[PDB]
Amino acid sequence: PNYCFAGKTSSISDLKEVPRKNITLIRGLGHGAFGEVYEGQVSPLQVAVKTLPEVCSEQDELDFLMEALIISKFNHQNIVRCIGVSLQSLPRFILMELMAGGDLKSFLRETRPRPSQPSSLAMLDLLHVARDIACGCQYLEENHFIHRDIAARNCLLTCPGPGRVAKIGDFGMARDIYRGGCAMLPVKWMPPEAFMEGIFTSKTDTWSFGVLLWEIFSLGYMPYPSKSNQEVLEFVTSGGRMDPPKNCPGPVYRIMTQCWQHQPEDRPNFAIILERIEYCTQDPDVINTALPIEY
């Protein structure tokens, strides 16, 4: 089974097989419903290890291989690196760049300004995260790769503290399409034409990035508070959009509303999104805006 990205075709042969003896698991990182994730080290190189359960179907096996090929073929600083794989021993491993800041949704929720830590985050921190992910998205766009699932839960941070870099860290939806059910669709992140006609383009990711921006500036809230998937589907198709997050500067909210234009042609590409984020970061009135302190 081959994988095609950009101009090139790659195969399982192209993956970097790391000798299993060189790999040591250290601790769990919060395992999902299928496959575990560990902190590990390679002989030392610090890594995250994604595992394939040994009790799995052949389709699961092909899914795991395809994920390894997809991530291994990306080359961008805002996309998590694949250090290698261990596919010749069981359970099979994919080895990733260790993003010690964890996923972005959890980071935002856990790092909200509080009376004890009133200065944990500032507007600039959020703008830098937004810029980081938009840079990753621009790389995907210019290489004609549609992510399909841009959302805070699928982004990672290099570290919790000040020098953090945000990166896109999961490509499971894209993998599935390359190779499911309504209840599992990221409805709240999808544009009208996506869930209606099943049409996908890079402007699909623009819409989702708008929702990510809302997640970021809301400090990790679930989009469309109190609305179910179907309610959001009908709301969005009717022209409904989310209100600004609490204390969100107008220039930032306007990037969101542009990302959520009904017509894909009316939505900005990621080059433009990056330009607008950069302008926001220059504006003193934006970056001097205080985030809410949760009590």
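In case it trips you up, residue 1 is the first one in the sequence shown, and so on.
According to the record, the deposited sequence contains 4 to 9 residues between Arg179 and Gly180 that were left without coordinates. According to the entry, the deposited sequence places 4 to 9 unmodelled residues between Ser43 and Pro44. The question of which stretch, 204 to 212 or 103 to 111, has the higher mean Cα B factor is settled in favour of 103 to 111. Per the PDB record, of the two stretches 221 to 229 and 132 to 140, 221 to 229 carries the greater mean B-factor over its C-alpha atoms. Take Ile199, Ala122, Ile79, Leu157 and read off each C-alpha B-factor from the entry; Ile199 has the highest. The maximum CA B-factor among the listed residues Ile146, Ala166, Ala183, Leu127, taken from the PDB record, is found at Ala183.
Per the PDB record, residue ranking by Cα B-factor puts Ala194 in the highest third of the chain. Sort the chain's modelled residues by C-alpha temperature factor and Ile70 lands in the lowest third, per the entry. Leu52: CA B factor lies in the middle third for its chain, per the PDB record. In the deposited entry, the Cα temperature factor of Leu62 sits in the top third of values across the chain's modelled residues. When the CA B factors of the chain's modelled residues are split into thirds, the value for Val37 lands in the middle one.
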